[PDB]
Amino acid sequence: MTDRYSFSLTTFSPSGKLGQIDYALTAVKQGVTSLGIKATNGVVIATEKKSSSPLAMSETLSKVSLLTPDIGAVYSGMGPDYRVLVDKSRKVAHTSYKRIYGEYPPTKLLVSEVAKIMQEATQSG
Amino acid sequence: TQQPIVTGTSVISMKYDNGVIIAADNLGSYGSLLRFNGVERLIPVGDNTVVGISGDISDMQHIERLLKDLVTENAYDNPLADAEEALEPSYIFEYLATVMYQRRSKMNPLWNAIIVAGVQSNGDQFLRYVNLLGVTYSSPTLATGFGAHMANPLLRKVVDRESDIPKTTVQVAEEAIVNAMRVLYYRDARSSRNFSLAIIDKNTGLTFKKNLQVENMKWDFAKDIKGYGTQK
Amino acid sequence: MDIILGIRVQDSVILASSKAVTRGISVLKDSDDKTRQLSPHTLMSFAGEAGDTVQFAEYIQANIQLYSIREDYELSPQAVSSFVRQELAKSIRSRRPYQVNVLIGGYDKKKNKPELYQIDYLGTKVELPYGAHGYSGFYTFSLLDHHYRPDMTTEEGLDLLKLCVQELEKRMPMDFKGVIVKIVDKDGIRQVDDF
Amino acid sequence: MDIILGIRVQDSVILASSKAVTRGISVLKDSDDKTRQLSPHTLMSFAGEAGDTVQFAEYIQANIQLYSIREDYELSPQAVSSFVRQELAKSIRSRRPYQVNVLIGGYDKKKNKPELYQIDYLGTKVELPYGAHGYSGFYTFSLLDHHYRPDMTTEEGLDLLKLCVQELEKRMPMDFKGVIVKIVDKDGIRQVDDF
Amino acid sequence: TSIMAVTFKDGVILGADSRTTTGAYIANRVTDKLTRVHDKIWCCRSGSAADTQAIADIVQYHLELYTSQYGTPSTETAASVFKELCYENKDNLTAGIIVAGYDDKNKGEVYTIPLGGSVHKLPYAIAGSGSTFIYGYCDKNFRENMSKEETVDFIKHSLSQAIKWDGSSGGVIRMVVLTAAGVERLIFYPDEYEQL
Amino acid sequence: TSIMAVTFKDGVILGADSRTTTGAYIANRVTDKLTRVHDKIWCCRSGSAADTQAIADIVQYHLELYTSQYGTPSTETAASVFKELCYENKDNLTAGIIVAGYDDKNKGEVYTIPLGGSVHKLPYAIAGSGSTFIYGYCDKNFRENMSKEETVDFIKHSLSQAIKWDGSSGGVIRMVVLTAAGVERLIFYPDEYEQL
Amino acid sequence: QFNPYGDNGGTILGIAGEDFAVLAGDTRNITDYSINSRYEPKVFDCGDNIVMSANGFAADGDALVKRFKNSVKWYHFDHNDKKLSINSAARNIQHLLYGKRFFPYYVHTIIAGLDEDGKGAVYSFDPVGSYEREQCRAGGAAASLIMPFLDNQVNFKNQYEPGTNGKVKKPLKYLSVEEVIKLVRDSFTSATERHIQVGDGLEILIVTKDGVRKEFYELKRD
Amino acid sequence: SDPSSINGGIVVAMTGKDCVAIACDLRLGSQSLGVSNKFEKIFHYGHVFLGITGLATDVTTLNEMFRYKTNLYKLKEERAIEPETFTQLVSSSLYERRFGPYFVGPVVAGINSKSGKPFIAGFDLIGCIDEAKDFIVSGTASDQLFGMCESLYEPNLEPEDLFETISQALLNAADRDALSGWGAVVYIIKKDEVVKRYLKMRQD
Amino acid sequence: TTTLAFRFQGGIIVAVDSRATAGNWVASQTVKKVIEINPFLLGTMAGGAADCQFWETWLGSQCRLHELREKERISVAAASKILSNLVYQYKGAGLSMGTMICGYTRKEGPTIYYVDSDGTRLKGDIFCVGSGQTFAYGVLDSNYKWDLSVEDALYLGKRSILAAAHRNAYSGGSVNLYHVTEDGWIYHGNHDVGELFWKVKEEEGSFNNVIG
Amino acid sequence: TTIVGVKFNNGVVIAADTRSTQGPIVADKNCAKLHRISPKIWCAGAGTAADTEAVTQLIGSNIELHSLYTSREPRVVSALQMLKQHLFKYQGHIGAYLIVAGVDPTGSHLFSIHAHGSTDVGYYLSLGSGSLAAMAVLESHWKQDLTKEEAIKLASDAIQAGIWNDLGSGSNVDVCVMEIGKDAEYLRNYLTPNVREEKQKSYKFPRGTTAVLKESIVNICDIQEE
Ligand SMILES: [Mg+2]
Ligand SMILES: [Mg+2]
Ligand SMILES: [Mg+2]
Ligand SMILES: [Mg+2]
């Protein structure tokens with residue numbers, strides 16, 4: 001066994017395109033519409049609960065997730081990828097910030113941490 | 001220098017309006033072994049004093065003999081041995097305190113903590129402590145060993161300062177002492193259920209109560225307690 | 001090792017270090033040079049546990065020489081002293097710490113100033129007009145506190161240093177076999193061959 | 001105390017003793033005379049624990065002076081050394097032993113012979129042509145073993161003694177501040193004031 | 001601590017006092033020392049409370065994972081898991097555990113695991129500081145194939161004496177009965193067992 | 001060592017094992033630990049054999065000199081002499097002695113003198129390393145005013161259990177009976193008491 | 001192993017005025033984290049206008065005070081009822097203490113009174129009898145909390161006159177008995193706040209030419 | 001031998017009306033030997049001030065560590081760290097060395113730039129936070145400082161009155177400690193001005 | 001602690017600091033470390049405070065008994081030896097003493113004996129004892145001459161204690177000066193180190209390392 | 001330190017004193033010993049103060065992540081299991097002694113936990129140097145089926161016993177009440193029986209009392225423009 005894929009699966013093509021990122025964006029394009037609007041005294045994020053079956057209880061599937069008491073997230077694209085990112089985002093808010101500074105991270109820095117995780121899935125083996 | 005072998009646990013006591021109360025259980029422990037169950041650790045001297053002793057029992061029995069000899073000696077060539085020249089609690093204490101401090105100064109202590117409870121000639125309450133180091137102190141409530149940590153807090157709620165003493169009756173004082181003995185039985189691993197209690201009152205004199213038991217115990221709540229965390 | 005002294009005067013830093021090497025019963029050597037040139041205008045003297053002293057000093061020397069080649073530039077005395085302090089501060093919580101005390105005498109060519117840094121084996125750094133390690137300060141500091149001036153010449157610094165050594169030779173029980181004296185200034189490092 | 005040396009030549013005994021008195025950190029004195037005249041032709045040098053050395057030496061001095069007055073007669077060096085040995089042998093099993101090592105240099109007027117006795121704090125006595133206590137013998141005995149002759153003059157003894165002191169000053173870690181040298185012969189005891 | 005487990009005709013019964021001391025202070029006078037590691041496999045704990053709780057929790061996990069894969073474990077298997085933890089970590093543990101269980105095939109079984117991590121299958125077992133005082137009594141009074149009522153009396157009388165003489169033991173006498181019928185908890189208070 | 005003394009209707013009986021160990025080696029397997037200090041005042045010895053022999057010999061001397069002057073001493077008096085030696089020299093002694101005697105006025109009496117040199121008058125007493133294992137048994141089985149035969153059985157059964165569990169105890173069970181009728185020695189061998 | 005010594009806590013404070021002296025002490029007696037007594041007197045009138053306190057191990061403290069009181073009694077017997085002056089008492093206490101040089105009274109002793117010129121006097125002793133006349137001395141548990149405050153507020157240390165900026169010291173003007181008692185009370189109130197062994201009560205003995213007077217004040221009991 | 005009293009020194013911090021003060025002595029020693037009279041124990045990262053007593057190598061190391069961390073904080077956060085946040089950072093940083101700790105007694109002092117609230121805090125060597133309203137003390141004369149502060153301190157002192165109180169607290173405490181003194185510095189901190197004053201004191 | 005005594009043309013100078021410490025805690029800044037044995041003899045305090053106080057007071061009693069019996073002033077040699085013989089009896093028991101017995105008689109002239117609790121008795125010209133002894137020795141050795149004036153000798157002793165008081169943490173408080181003459185000692189006042197340091201810094205130009 | 005936990009009818013109450021000490025010196029006179037693991041799970045700590053705080057925040061952090069992961073409100077048994085396994089692993093070197101109390105969908109719970117990792121169940125518990133004084137009160141006045149008001153009274157009385165009789169405890173009483181189907185109410189300084197009396201004297205100095213060598217402005221601002 002051992003993970004013997006220690007090389008990048010995303011690489012530059014002759015035209016300078018990173019194919020796997022472009023194809024990931026294509027998958028996002030097929031995803032259900034979600035939006036965000038910022039007001040003076042708040043922010044709103046919204047999406048459609050596209051229920052796969054009427055027998056499914058769509059309340060048990062949370063597309064909009066609390067990351068910290070003052071930060072929330074929504075997505076478009078692959079649901080399972082989102083779910084694990086939410087788990088990692090919640091944890092990194094504690095490990096790389098709250099356990100150090102005794103307070104929750106500001107929005108931009110938590111975003112920065114989530115962004116870093118997504119960047120690494122674009123370069124790591 | 002030695003080590004205590006057979007030992008007695010807490011002695012507890014307090015002042016009330018007309019006198020003093022003192023109490024101690026009837027156990028002689030041999031380490032964790034509850035070896036001897038009929039040991040009297042309150043020793044009356046005359047009709048005005050009771051000496052309560054904790055710690056080493058062999059040294060207690062020696063002190064008991066010293067006090068017995070003190071009564072004999074006081075009566076020698078003393079026509080007023082049962083009147084004006086009778087032994088006072090203050091005389092008995094000062095003698096013991098002298099002995100305790102001398103013995104610690106020779107590096108050969110009597111391994112005890114002692115409380116002398118009594119009533120003086122003028123009706124004044126006497127309550128003072130002395131131990132193996134010769135350290136002495138007085139307080140409205142006094143207790144040795146575990147009693148110092150658990151009995152004093154309870155007894156101090158009844159008599160918190162000197163001015164509370166005249167407001168405290170013998171019934172309230174005895175009630176507090178008896179409750180304290182129950183608490184010590186719950187929480188001291190070297191205590192017994194059987195104890196003795198002595199009241200020295202300026203009006204009714206010395207009342208010595210033997211074979212008392214801790215009663216009205218709460219254990220029923222134990223049935224509901226299961227496991228140590230997750231077990232149901 | 002035993003006595004290491006330092007004095008920063010007007011235009012130079014002077015380091016005096018004993019020549020004796022004693023291994024228990026016998027004095028094995030009486031001409032030992034307890035110093036290393038870290039860079040053309042930076043000198044480090046040292047004293048402490050046998051073996052560790054030279055091992056540490058040469059390790060530092062190698063690192064500063066490496067930096068000098070890489071950047072084609074001489075680090076300031078302050079920068080060198082900070083590097084040395086960190087290494088000792090790192091060392092004190094190691095499996096087996098370097099038991100080494102050092103003085104760093106350097107001439108800063110940018111600021112045109114002499115600089116003396118005293119660092120003990122714990123990584124305790126202080127910049128001083130004059131300094132010592134061990135018991136050397138106990139005998140010499142009262143003299144230095146009295147006579148020292150910041151505008152002293154190199155020659156006056158050497159004379160005050162002689163008085164310190166004389167007091168050491170009088171009141172110290174150990175024979176440290178005199179001192180090697182070196183001067184650090186704008187022209188670099190040189191040894192006073194008669195002291 | 002530190003170094004005490006003795007050498008018995010043709011017609012005299014020479015005792016050399018260090019001048020330093022060190023109390024831990026500082027050298028308190030550099031002119032201390034570590035010797036007592038027991039009788040006109042008997043000298044005792046001493047080294048060991050502070051206080052006990054002088055206390056023992058003066059106690060012996062007092063006893064020999066007492067004997068001299070009582071009998072109007074000077075005890076032989078051998079007799080004095082035996083008395084001193086017994087006192088130290090008695091002392092070693094006491095509550096608190098005298099921690100004192102001595103050399104006894106005497107000129108026997110009856111036999112017309114110099115005599116040197118080495119006695120340690122245990123009461124271990126030996127008559128020797130040359131002797132020492134502590135570490136002094138470790139540095140000096142190889143030189144004495146080489147150069148010593150029983151027919152040496154006092155001047156040759158002093159020259160051999162100088163070589164021993166020079167070797168001590170070279171290889172010993174401690175500064176003992178030179179030595180006071182005294183000569184015991186038929187005319188009595190005298191001090192060499194330039195050494 | 002005074003603990004014991006006794007096999008009888010219909011199965012096995014575990015018994016224990018409820019006293020937990022820190023020196024001479026009774027830190028807990030109503031401790032439950034009868035610990036469940038499986039439906040009908042229990043244990044009595046003596047020694048370090050931290051150690052024996054840690055061990056019991058790990059065993060419970062192992063038997064839960066065993067059950068999911070292989071069905072109900074035997075009492076022998078439970079004792080083996082206890083032993084493995086006690087033996088392999090003997091340098092860092094102070095644990096004296098009695099394991100008791102009921103199978104339908106094997107019926108009531110008792111295993112004692114002393115300090116070293118050895119295993120001993122016995123008709124009955126006693127352990128803890130208070131057990132020293134009842135070796136004579138238990139040896140004289142134990143019989144095989146006793147009834148439920150007799151076994152309860154035997155344990156009650158035994159632990160009563162252990163409590164009477166051992167300062168480290170006291171409080172209530174807890175018991176757990178393991179039979180085909182199920183699991184029954186019993187409790188006996190001082191006013192009951194002190195007058196025996 | 002396992003020793004005991006038990007008062008009964010007609011007087012008192014002393015009991016003891018016969019094992020004396022140096023570590024795990026049995027230096028003497030037929031030791032007599034029942035020691036006579038007066039005609040009808042005996043003692044059981046535990047602790048340092050040197051100490052308890054020295055003490056017993058001194059007591060015997062004291063009671064012999066007492067008798068010559070004041071007539072037969074009481075058992076209380078004998079216990080007092082034992083206590084005086086044990087208490088005053090507590091720093092230099094390792095002695096646990098049970099004193100048992102028969103008067104006509106007082107009848108059978110038992111005093112135990114543990115390590116510290118305290119005195120305790122009891123209906124019966126147990127001591128020695130083996131006594132720990134029979135506190136439960138003896139407390140459950142002792143009755144006051146037993147017959148001679150019952151008291152012999154009580155001691156025999158008690159010391160049997162002490163011997164069974166204590167490696168430091170063993171050999172024969174010796175007994176000395178003290179009554180108005182006189183002084184009777186009894187001995188019981190392993191083949192007898194092991195099958196009890 | 002038997003430890004013949006113990007620590008009963010407590011804090012004492014002696015201050016010498018111009019024509020008076022005060023010796024104060026808290027009334028709390030302790031071992032470890034327990035209170036033995038909320039009121040156990042620690043400062044004693046020893047006769048001849050001398051007040052004394054031996055703070056630390058209370059058994060040794062009581063023994064020393066008892067022996068000194070005894071020494072005053074015998075001084076009267078042996079020397080025709082002559083008054084024992086404070087300087088003579090101080091020297092006498094040195095010998096009592098040094099007598100047990102190799103098994104010391106584990107206490108810090110302070111005596112207070114008036115000297116033979118009627119001026120306030122305080123003497124301070126170490127456990128083995130080294131002593132000195134002092135103007136101001138705190139002893140016991142909270143001594144390190146109190147002394148710096150007294151250096152500042154009695155001796156005006158580090159205080160200079162405004163406008164001069166360090167050139168002229170604040171002048172050492174004499175304090176009244178009322179002023180001293182204020183500083184004593186504030187010293188013990190502060191010590192009670194920050195030291196666990198200090199509390200319950202404060203008893204002050206004031207010595208003047210008229211005799212010895214007592215004052216008692218409540219302290220926090222936690 | 002005891003690492004927290006080899007070098008000696010003290011730090012004290014106090015709150016006043018719309019201000020905080022933090023002060024320290026200047027001594028560095030090797031037990032009995034005085035080595036430096038210019039060893040300042042107070043540092044600042046933006047408007048947050050940190051005093052550190054104890055083992056001098058750790059004082060220097062921790063200052064460099066917190067400069068390191070507050071500089072990265074600022075680059076990422078795009079703002080200066082606040083006293084409350086920095087206090088948690090000190091606590092976290094100390095506790096991560098739980099079983100090999102820095103032998104120090106840190107003291108934080110500062111004013112929150114947004115709320116304007118005065119803030120002080122103290123720590124033990126492993127990070128336990130003491131957030132007192134009145135004062136924080138640290139060092140080899142901490143007992144002396146507790147005594148001085150408890151008696152001299154009163155709430156809502158004006159900046160120039162607070163200066164006198166904290167100065168006298170430090171000075172007189174230091175003069176009863178062998179290992180403290182050899183000069184002193186006092187910082188008076190207001191929302192947008194900080195004044196630093198070197199005190200004249202005895203040099204023994 | 002820093003104590004010194006040195007012989008010179010005009011007799012003996014005795015100078016001491018005034019600080020007593022228990023660990024890091026400064027117990028006193030006003031300790032009298034010169035013991036006035038009698039009007040002609042001085043002793044210095046170092047090591048154990050009680051041991052020095054007690055036995056040097058006792059020494060004064062022995063000296064008084066000597067001159068009553070012999071009708072003559074006791075020699076410094078005899079006085080110092082009474083003390084050294086006494087402490088030697090106690091050797092091993094744990095006495096702590098390092099003192100200079102200082103006096104000026106007809107037969108001896110100015111004389112100093114270093115007496116010590118392990119039994120040492122040394123006659124000498126300059127002695128320094130205590131934790132700050134090494135600092136004081138430096139100033140003494142470099143400035144000492146036999147032909148010092150009483151004024152300059154007094155200052156030298158004062159300046160040497162100041163040197164120690166500055167550098168040694170366990171020395172300080174104030175400086176006590178004494179001048180011992182044949183007709184008895186003369187006290188030359190108490191000098192606060194705090195005030196003295198700044199005064200000496202300005203007038204002398206020393207301690208440039210320290211900002212004032 | 002004195003800390004207690006008391007079960008009652010519809011929940012649990014926890015209380016503590018407010019004295020933190022360094023040896024015999026009182027570091028903080030109004031310390032906060034009641035700590036939040038989660039909104040409705042609170043605990044009080046005795047022993048090494050840094051360890052009690054650190055272990056609370058670590059488990060509190062992991063409890064929060066666990067709550068988010070499982071979409072369920074945190075349980076006391078989870079906090080307990082995570083605390084004990086962490087403490088046991090460190091073999092008592094983390095000197096945290098805690099009383100843990102709270103409410104969750106399962107009900108109301110009260111546990112104690114010791115530094116070596118052992119845990120205990122009870123209706124009333126006490127911890128710290130004043131635990132014997134507190135337990136004396138609890139053993140005297142505790143009964144089954146206490147009301148909320150009776151439990152708060154009993155808990156605070158038990159802390160008071162520690163405050164007055166234990167030198168390690170003092171100052172104020174903090175209380176937190178956790179009732180089923182309600183928000184946990186934290187009552188900071190529930191009792192204040194130890195306010196310092198007014199001092200006899202004001203120690204405010206005249207301005208210019210302290211000698212000053214140098215003054216200077218400290219640049220706290222960043223590097224400026226232009
Ligand atoms: Mg029990
Ligand atoms: Mg307090
Ligand atoms: Mg200072
Ligand atoms: Mg100083």
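Any value given below was found using the heavy atoms of this structure, including those in side chains, with hydrogens, waters and symmetry copies removed. Naming: A, B, ... by sequence-line order, numbering from 1 per chain.
Tested against H:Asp25, the residues H:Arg202, H:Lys41, H:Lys38 include a single salt bridge (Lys or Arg N to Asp or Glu O under 4.0 Å) partner, H:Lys41. Paired with H:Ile136 under the rule side-chain contact (heavy atoms from CB on, under 4.5 Å), one option of H:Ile120, H:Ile22, H:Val11 passes, and it is H:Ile120. Tested against H:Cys149, the residues H:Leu170, H:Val12, H:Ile166, H:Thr165 include a single side-chain contact (heavy atoms from CB on, under 4.5 Å) partner, H:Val12.
Looking at H:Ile52 and H:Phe123, their side chains never come closer than 4.5 Å, going by heavy atoms from C-beta outward. Residues H:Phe103 and H:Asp58 are in side-chain contact: their nearest non-hydrogen atoms beyond the backbone lie under 4.5 Å apart. The shortest side-chain heavy-atom distance between H:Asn7 and H:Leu55 falls under the 4.5 Å cut-off. Contact check for J:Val77 versus J:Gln81: no side-chain heavy atoms found under the 4.5 Å cut-off.
Heavy atoms only, all atoms of each residue included: J:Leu34 and J:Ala15 are closest at CD1-C, 3.9 Å. Across every non-hydrogen atom of J:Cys176 and J:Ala184, the tightest pair is SG-CB, 4.5 Å. In terms of heavy-atom proximity, J:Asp174 sits nearest to J:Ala32 at OD2-CA, 4.2 Å.
In this structure, J:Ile99 CD1 and J:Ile3 CD1 are separated by 4.5 Å, a value rounded to the nearest 0.5 Å. The structure places CD of H:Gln144 at 8.0 Å from CD1 of H:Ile10, a figure rounded to the nearest 0.5 Å. For the atom pair CG of H:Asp124 and CG of H:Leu94, the computed distance is 8.0 Å after rounding to the nearest 0.5 Å. For the atom pair CG of J:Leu98 and OG of J:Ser112, the computed distance is 9.5 Å after rounding to the nearest 0.5 Å. Atoms CD and CE, on H:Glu154 and H:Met14 in that order, are 10.5 Å from each other to the nearest 0.5 Å. Atom CE of H:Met148 sits about 11.0 Å away from atom CZ of H:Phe135, to the nearest 0.5 Å.
Residues of residues 37-45 of chain J lying under 4.5 angstrom from chain H, judged on non-hydrogen atoms, do not exist here. Residues of residues 85-97 of chain J placed with any heavy atom under 4.5 Å of a heavy atom in chain H are listed by number as J:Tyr90, J:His93, J:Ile94. Contacts between residues 50-76 of chain J and chain H, counted as heavy-atom pairs separated by less than 4.5 Å, involve J:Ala50, J:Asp51, J:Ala54. Within residues 202-223 of chain J, the residues having any heavy atom closer than 4.5 Å to a heavy atom of chain H are J:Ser202, J:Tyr203, J:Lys204, J:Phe205, J:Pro206, J:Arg207, J:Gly208, J:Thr209, J:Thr210, J:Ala211, J:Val212, J:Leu213, J:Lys214, J:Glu215, J:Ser216, J:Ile217, J:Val218, J:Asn219, J:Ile220, J:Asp222, listed by residue number.
With a 4.5 Å cut-off on non-hydrogen atoms, H:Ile189 does not touch chain J at all. Neither the backbone nor the side chain of J:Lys201 comes within contact range of chain H; no heavy atom of the residue lies under 4.5 Å from a heavy atom of that chain. Residue J:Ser20: no heavy atom, backbone or side chain, is found under 4.5 Å from chain H. With a 4.5 Å cut-off on non-hydrogen atoms, H:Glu96 does not touch chain J at all. Contact annotation for H:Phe49: only side-chain heavy atoms (C-beta onward) come within less than 4.5 Å of a heavy atom of chain J.
Geometric assessment of H:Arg197 against the ring of H:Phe163 yields a positive cation-pi assignment under the 6.0 Å and 45° thresholds.
Between chain J and the options H:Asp130, H:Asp161, H:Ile126, H:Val48, the largest number of non-hydrogen pairs under 4.5 Å is found for H:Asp161. When each of H:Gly46, H:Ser92, H:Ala184, H:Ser142 is checked for heavy-atom pairs under 4.5 Å with chain J, H:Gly46 comes out on top. Note: H:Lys74 leads H:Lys74, H:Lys133, H:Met201 in heavy-atom pairs under 4.5 Å with chain J. Comparing H:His47, H:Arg98, H:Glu131, H:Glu193 by heavy-atom pairs within less than 4.5 Å of chain J, the highest count is held by H:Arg98. Between chain H and the options J:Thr48, J:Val26, J:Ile25, heavy-atom pairs under 4.5 Å are most frequent for J:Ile25.
Side-chain atoms of J:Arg19 come within 3.5 Å of backbone N or O of J:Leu167 as a donor-acceptor pair.
Using a cutoff of 4.0 Å between basic side-chain nitrogens and carboxylate oxygens, J:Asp17 and J:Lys33 are scored as salt-bridged. Ion pair H:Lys190/H:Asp18 not flagged as a salt bridge, since none of the NZ, NE, NH1 or NH2 atoms sits closer than 4.0 Å to an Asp/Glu carboxylate oxygen.
A ring-centre distance under 6.0 Å is found for H:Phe66 and H:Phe86.
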